[PDB]
Amino acid sequence: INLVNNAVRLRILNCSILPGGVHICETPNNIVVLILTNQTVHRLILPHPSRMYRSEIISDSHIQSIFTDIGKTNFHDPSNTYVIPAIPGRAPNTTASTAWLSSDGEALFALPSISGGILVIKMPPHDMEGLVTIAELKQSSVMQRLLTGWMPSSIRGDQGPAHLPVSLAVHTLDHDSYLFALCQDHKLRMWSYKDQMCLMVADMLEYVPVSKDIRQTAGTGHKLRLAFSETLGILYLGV
Amino acid sequence: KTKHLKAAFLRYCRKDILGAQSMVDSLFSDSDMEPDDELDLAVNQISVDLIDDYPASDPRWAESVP
């Protein structure tokens, strides 16, 4: 069917949209569009198609898009827009991003931190008053945690620019969010958001016919995709 | 939709008897859409569909108020 009002041009003044910074999440009642820019995160809430039409008798010529009422959404609501703080802040010139909804309806946005970690911005559920919270996922060795009081930062090995995520993907299972980060050092890292810990590190060069030169060059063109089979309960990773 | 036309047809049923209730179901019909060009042409296709049932047989507003 030809949909009426089926196209929208959103202009986020002064903010450049990230490559792969747009994520769409479906819920039983709403379609949620999550947008990452260079400086801001946005959430748009649109009615689900099954909720727009209460009557089987709609003449085909008047079927509206989910975008028909988009001009009624208050985009200046602090629940729907947040400015990314400069510290710990986003790494300059990164394109890696992912966004998702939690089981609790919270909007989460993950991006590379300036420190080489993953910065996670958490917005409250759309129907609840709450403050935006920020968490930074860092690979801290248990030894780095225990020694935190006795040695200056210069010996600690700051996570160099080589740890920077180049591709991010997320899989939500039960009540946790597993973040997969393919980094410039050719390693795939898996994070629990709930436990704030790195659960897995795999070296992708173990699967490549290695030339000695690749280990010295930052992997800037790498891409990661996830697919989940509900029928098998199996998660696949395409790298 | 069919539910809206069948709610106005039930507020005309009460309009023969008294106005106060049917004036609040027109005030709740300012919980409408309000874009002139086709949704006001969607309460048009409701007022028209009842002016086609009042010339027809027994009009579908009837039953509740006889």
# chains A, B, ... in the order shown; residues from 1 in each chain; ligands from 1
call {"tool": "select_by_dssp", "arguments": {"residues": "stretch 5-239 of chain A", "states": "helix (DSSP H, G or I)", "output": "PDB file with N, CA, C and O atoms, in the first residue's frame"}}
result
ATOM      1  N   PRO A  49       2.713   0.379  13.983  1.00  0.00           N
ATOM      2  CA  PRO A  49       1.644   0.272  12.982  1.00  0.00           C
ATOM      3  C   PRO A  49       0.384  -0.466  13.471  1.00  0.00           C
ATOM      4  O   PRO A  49      -0.730  -0.003  13.235  1.00  0.00           O
ATOM      5  N   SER A  50       0.543  -1.552  14.241  1.00  0.00           N
ATOM      6  CA  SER A  50      -0.583  -2.305  14.832  1.00  0.00           C
ATOM      7  C   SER A  50      -1.419  -1.514  15.851  1.00  0.00           C
ATOM      8  O   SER A  50      -2.528  -1.918  16.195  1.00  0.00           O
ATOM      9  N   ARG A  51      -0.912  -0.379  16.352  1.00  0.00           N
ATOM     10  CA  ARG A  51      -1.614   0.503  17.298  1.00  0.00           C
ATOM     11  C   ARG A  51      -2.271   1.707  16.632  1.00  0.00           C
ATOM     12  O   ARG A  51      -3.152   2.310  17.243  1.00  0.00           O
ATOM     13  N   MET A  52      -1.868   2.049  15.409  1.00  0.00           N
ATOM     14  CA  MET A  52      -2.433   3.179  14.662  1.00  0.00           C
ATOM     15  C   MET A  52      -3.847   2.886  14.152  1.00  0.00           C
ATOM     16  O   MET A  52      -4.687   3.784  14.094  1.00  0.00           O
ATOM     17  N   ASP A  60      -7.809   1.858   1.698  1.00  0.00           N
ATOM     18  CA  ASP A  60      -6.366   1.817   1.405  1.00  0.00           C
ATOM     19  C   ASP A  60      -5.723   3.189   1.156  1.00  0.00           C
ATOM     20  O   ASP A  60      -4.576   3.423   1.521  1.00  0.00           O
ATOM     21  N   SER A  61      -6.467   4.136   0.569  1.00  0.00           N
ATOM     22  CA  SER A  61      -5.977   5.465   0.186  1.00  0.00           C
ATOM     23  C   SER A  61      -5.593   6.390   1.348  1.00  0.00           C
ATOM     24  O   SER A  61      -5.086   7.484   1.104  1.00  0.00           O
ATOM     25  N   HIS A  62      -5.868   6.015   2.598  1.00  0.00           N
ATOM     26  CA  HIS A  62      -5.635   6.875   3.763  1.00  0.00           C
ATOM     27  C   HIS A  62      -4.763   6.230   4.838  1.00  0.00           C
ATOM     28  O   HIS A  62      -4.705   6.732   5.963  1.00  0.00           O
ATOM     29  N   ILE A  70       4.901  12.785  13.665  1.00  0.00           N
ATOM     30  CA  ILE A  70       6.248  13.102  14.171  1.00  0.00           C
ATOM     31  C   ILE A  70       6.413  14.577  14.577  1.00  0.00           C
ATOM     32  O   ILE A  70       7.157  14.898  15.489  1.00  0.00           O
ATOM     33  N   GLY A  71       5.675  15.505  13.963  1.00  0.00           N
ATOM     34  CA  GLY A  71       5.720  16.916  14.367  1.00  0.00           C
ATOM     35  C   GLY A  71       5.087  17.207  15.734  1.00  0.00           C
ATOM     36  O   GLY A  71       5.237  18.318  16.230  1.00  0.00           O
ATOM     37  N   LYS A  72       4.372  16.245  16.334  1.00  0.00           N
ATOM     38  CA  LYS A  72       3.792  16.364  17.681  1.00  0.00           C
ATOM     39  C   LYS A  72       4.783  15.962  18.779  1.00  0.00           C
ATOM     40  O   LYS A  72       4.536  16.278  19.942  1.00  0.00           O
ATOM     41  N   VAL A 142      42.676  -7.231  37.359  1.00  0.00           N
ATOM     42  CA  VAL A 142      42.518  -7.351  38.824  1.00  0.00           C
ATOM     43  C   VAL A 142      43.757  -6.801  39.551  1.00  0.00           C
ATOM     44  O   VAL A 142      43.634  -6.133  40.575  1.00  0.00           O
ATOM     45  N   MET A 143      44.942  -6.977  38.953  1.00  0.00           N
ATOM     46  CA  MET A 143      46.200  -6.406  39.430  1.00  0.00           C
ATOM     47  C   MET A 143      46.207  -4.867  39.380  1.00  0.00           C
ATOM     48  O   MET A 143      46.609  -4.227  40.346  1.00  0.00           O
ATOM     49  N   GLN A 144      45.704  -4.258  38.294  1.00  0.00           N
ATOM     50  CA  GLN A 144      45.507  -2.806  38.216  1.00  0.00           C
ATOM     51  C   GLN A 144      44.517  -2.309  39.276  1.00  0.00           C
ATOM     52  O   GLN A 144      44.755  -1.243  39.835  1.00  0.00           O
ATOM     53  N   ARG A 145      43.444  -3.062  39.584  1.00  0.00           N
ATOM     54  CA  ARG A 145      42.480  -2.699  40.642  1.00  0.00           C
ATOM     55  C   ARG A 145      43.118  -2.729  42.035  1.00  0.00           C
ATOM     56  O   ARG A 145      43.000  -1.748  42.762  1.00  0.00           O
ATOM     57  N   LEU A 146      43.843  -3.795  42.378  1.00  0.00           N
ATOM     58  CA  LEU A 146      44.519  -3.940  43.680  1.00  0.00           C
ATOM     59  C   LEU A 146      45.650  -2.928  43.894  1.00  0.00           C
ATOM     60  O   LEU A 146      45.823  -2.416  44.997  1.00  0.00           O
ATOM     61  N   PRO A 161      45.785   4.342  22.091  1.00  0.00           N
ATOM     62  CA  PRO A 161      44.848   4.485  20.975  1.00  0.00           C
ATOM     63  C   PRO A 161      44.586   3.168  20.213  1.00  0.00           C
ATOM     64  O   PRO A 161      43.528   3.014  19.622  1.00  0.00           O
ATOM     65  N   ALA A 162      45.484   2.178  20.300  1.00  0.00           N
ATOM     66  CA  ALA A 162      45.300   0.847  19.718  1.00  0.00           C
ATOM     67  C   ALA A 162      44.091   0.053  20.267  1.00  0.00           C
ATOM     68  O   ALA A 162      43.589  -0.836  19.586  1.00  0.00           O
ATOM     69  N   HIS A 163      43.587   0.354  21.469  1.00  0.00           N
ATOM     70  CA  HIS A 163      42.410  -0.328  22.034  1.00  0.00           C
ATOM     71  C   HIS A 163      41.070   0.214  21.520  1.00  0.00           C
ATOM     72  O   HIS A 163      40.019  -0.332  21.852  1.00  0.00           O
ATOM     73  N   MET A 204      41.829 -11.799  16.386  1.00  0.00           N
ATOM     74  CA  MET A 204      41.322 -12.138  15.056  1.00  0.00           C
ATOM     75  C   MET A 204      42.442 -12.553  14.098  1.00  0.00           C
ATOM     76  O   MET A 204      42.176 -13.238  13.114  1.00  0.00           O
ATOM     77  N   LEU A 205      43.699 -12.203  14.395  1.00  0.00           N
ATOM     78  CA  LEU A 205      44.844 -12.600  13.577  1.00  0.00           C
ATOM     79  C   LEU A 205      45.176 -14.094  13.696  1.00  0.00           C
ATOM     80  O   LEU A 205      45.954 -14.586  12.884  1.00  0.00           O
ATOM     81  N   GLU A 206      44.613 -14.825  14.661  1.00  0.00           N
ATOM     82  CA  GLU A 206      44.751 -16.288  14.738  1.00  0.00           C
ATOM     83  C   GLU A 206      44.046 -17.003  13.576  1.00  0.00           C
ATOM     84  O   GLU A 206      44.440 -18.108  13.209  1.00  0.00           O
ATOM     85  N   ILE A 214      51.104  -6.979   9.304  1.00  0.00           N
ATOM     86  CA  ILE A 214      49.736  -6.645   9.751  1.00  0.00           C
ATOM     87  C   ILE A 214      49.721  -6.303  11.243  1.00  0.00           C
ATOM     88  O   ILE A 214      49.106  -5.323  11.636  1.00  0.00           O
ATOM     89  N   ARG A 215      50.494  -7.025  12.068  1.00  0.00           N
ATOM     90  CA  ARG A 215      50.554  -6.808  13.528  1.00  0.00           C
ATOM     91  C   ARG A 215      51.013  -5.407  13.947  1.00  0.00           C
ATOM     92  O   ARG A 215      50.845  -5.049  15.107  1.00  0.00           O
ATOM     93  N   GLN A 216      51.651  -4.650  13.050  1.00  0.00           N
ATOM     94  CA  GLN A 216      52.143  -3.296  13.326  1.00  0.00           C
ATOM     95  C   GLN A 216      51.204  -2.196  12.815  1.00  0.00           C
ATOM     96  O   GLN A 216      51.420  -1.029  13.133  1.00  0.00           O
TER      97      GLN A 216
END
call {"tool": "select_by_dssp", "arguments": {"residues": "stretch 34-76 of chain A", "states": "strand (DSSP E)", "output": "PyMOL selection string"}}
result
chain A and resi 34-37+40-47
call {"tool": "write_last_selection", "arguments": {"atoms": "N, CA and C atoms", "output": "compact mmCIF listing (two decimals), in the first residue's frame"}}
result
# COMPACT_ATOMS: atom_id res chain seq x y z
N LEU A 34 16.78 5.67 17.71
CA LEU A 34 17.92 6.14 18.50
C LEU A 34 18.97 6.71 17.54
N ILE A 35 19.39 7.95 17.76
CA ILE A 35 20.30 8.68 16.87
C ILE A 35 21.51 9.16 17.66
N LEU A 36 22.71 8.75 17.25
CA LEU A 36 23.98 9.30 17.73
C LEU A 36 24.56 10.29 16.72
N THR A 37 24.98 11.44 17.24
CA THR A 37 25.78 12.41 16.51
C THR A 37 27.19 12.51 17.11
N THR A 40 25.70 14.75 20.46
CA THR A 40 24.38 14.54 21.05
C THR A 40 23.88 13.13 20.80
N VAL A 41 22.99 12.69 21.67
CA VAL A 41 22.18 11.49 21.46
C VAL A 41 20.71 11.88 21.50
N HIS A 42 19.91 11.27 20.64
CA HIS A 42 18.48 11.53 20.53
C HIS A 42 17.68 10.24 20.52
N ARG A 43 16.47 10.30 21.07
CA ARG A 43 15.47 9.24 21.05
C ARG A 43 14.17 9.80 20.48
N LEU A 44 13.63 9.14 19.46
CA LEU A 44 12.32 9.42 18.88
C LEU A 44 11.40 8.24 19.12
N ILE A 45 10.17 8.52 19.52
CA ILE A 45 9.18 7.49 19.84
C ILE A 45 8.00 7.69 18.91
N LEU A 46 7.74 6.67 18.10
CA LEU A 46 6.70 6.64 17.10
C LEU A 46 5.72 5.50 17.43
N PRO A 47 4.42 5.66 17.13
CA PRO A 47 3.45 4.60 17.37
C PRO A 47 3.75 3.38 16.48
call {"tool": "closest_atom_pairs", "arguments": {"of": "chain B", "to": "chain A", "cutoff": "12 Å", "atoms": "only C-alpha atoms", "output": "Markdown table"}}
result
| residue | atom | partner | partner_atom | distance |
| --- | --- | --- | --- | --- |
| B:1 | CA | A:55 | CA | 5.9 |
| B:2 | CA | A:55 | CA | 6.6 |
| B:3 | CA | A:55 | CA | 7.5 |
| B:4 | CA | A:55 | CA | 10.0 |
| B:5 | CA | A:55 | CA | 11.6 |
| B:6 | CA | A:55 | CA | 12.0 |
| B:33 | CA | A:69 | CA | 9.6 |
| B:34 | CA | A:69 | CA | 11.3 |
| B:35 | CA | A:69 | CA | 10.2 |
| B:38 | CA | A:62 | CA | 8.8 |
| B:39 | CA | A:62 | CA | 9.7 |
| B:41 | CA | A:62 | CA | 11.0 |
| B:42 | CA | A:62 | CA | 9.7 |
| B:45 | CA | A:59 | CA | 11.6 |
call {"tool": "atom_distance", "arguments": {"atom1": "atom CA of residue A:189", "atom2": "atom CA of residue A:147"}}
result
23.7 Å
call {"tool": "residues_around", "arguments": {"residues": "residue A:188", "least_positions_apart": "2", "cutoff": "8 Å", "atoms": "only C-alpha atoms", "output": "compact mmCIF listing (two decimals) with C-alpha atoms, in the first residue's frame"}}
result
# COMPACT_ATOMS: atom_id res chain seq x y z
CA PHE A 180 31.10 -6.69 21.13
CA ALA A 181 34.01 -4.39 20.24
CA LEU A 182 36.29 -5.03 17.25
CA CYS A 183 39.33 -2.85 18.01
CA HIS A 186 42.68 -6.65 15.67
CA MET A 190 33.02 -8.97 24.65
CA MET A 200 36.12 -12.49 26.32
CA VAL A 201 39.15 -11.38 24.27
CA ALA A 202 39.80 -13.14 20.94
CA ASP A 203 42.74 -12.30 18.61
CA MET A 204 41.32 -12.14 15.06
call {"tool": "closest_residue", "arguments": {"among": "A:65, A:179, A:48, A:116", "to": "residue A:29", "atoms": "only C-alpha atoms"}}
result
A:48
call {"tool": "atom_distance", "arguments": {"atom1": "atom CA of residue A:105", "atom2": "atom CA of residue A:83"}}
result
20.2 Å
call {"tool": "residues_around", "arguments": {"residues": "stretch 217-226 of chain A", "least_positions_apart": "2", "cutoff": "8 Å", "atoms": "only C-alpha atoms", "output": "MDAnalysis selection string"}}
result
chainID A and resid 162 166:171 182:186 213:215 228 235:239
call {"tool": "atom_distance", "arguments": {"atom1": "atom CA of residue A:174", "atom2": "atom CA of residue A:140"}}
result
25.5 Å
call {"tool": "residues_around", "arguments": {"residues": "residue A:64", "least_positions_apart": "3", "cutoff": "8 Å", "atoms": "only C-alpha atoms", "output": "list in words"}}
result
residues 3, 4, 5, 6, 67 and 68 of chain A
